[PDB]
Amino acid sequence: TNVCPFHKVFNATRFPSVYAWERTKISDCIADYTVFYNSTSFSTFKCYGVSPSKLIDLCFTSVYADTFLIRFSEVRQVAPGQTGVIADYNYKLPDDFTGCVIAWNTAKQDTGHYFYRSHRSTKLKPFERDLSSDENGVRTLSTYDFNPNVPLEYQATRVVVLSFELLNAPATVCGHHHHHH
């Protein structure tokens, strides 16, 4: 298997709006997570259920990459069992979450009008997506203008959620060293 398509996911011209986040299936690859933790580009790299350090030793049966665009202020909501407009009405990470979250501040590039759900009748189920714009005829989706000139807690920020499972089925996405190194 050839190397894992991270640059094609990460350095794409556009990231989705967060209410319409997008999944990607990754398999048959040899993953190189080295790019992340650049400390001058990746401002947040935090794993749940495994050690970011232990990613280099592990093989995964299925890896999905959920992607979207929010503000710096709201990055902290992408965590198991957190509360917020994002976690309650946009993108929900399970309580039993296994995976990583990577986030970096693309403010000078991902500029424009992006959207987010502010209100919903019920909160969200884990990993559920709601692409509806109305409830009773009112727009249920409020707007972000991302600009270079807004303060940091308010700036554009791209997020990726690598969600994997270590159960049965052929082991398909293997770190550079799943041969006991």
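Note that residue numbering follows the sequence shown and begins at 1.
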Out of 32 to 40 and 59 to 67, which one has CA B-factors that are higher on average in the deposited record? 32 to 40
Which has the higher mean CA temperature factor in the PDB entry, 170 to 178 or 4 to 12? 170 to 178
Of the options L152, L124, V50, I26, which has the highest CA B factor as deposited? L152
Highest CA B factor of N136, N147, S118, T143, as deposited, is found at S118
Taking the values exactly as deposited, rank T83 by C-alpha B-factor within its chain and report the matching third: lowest, middle or highest. lowest
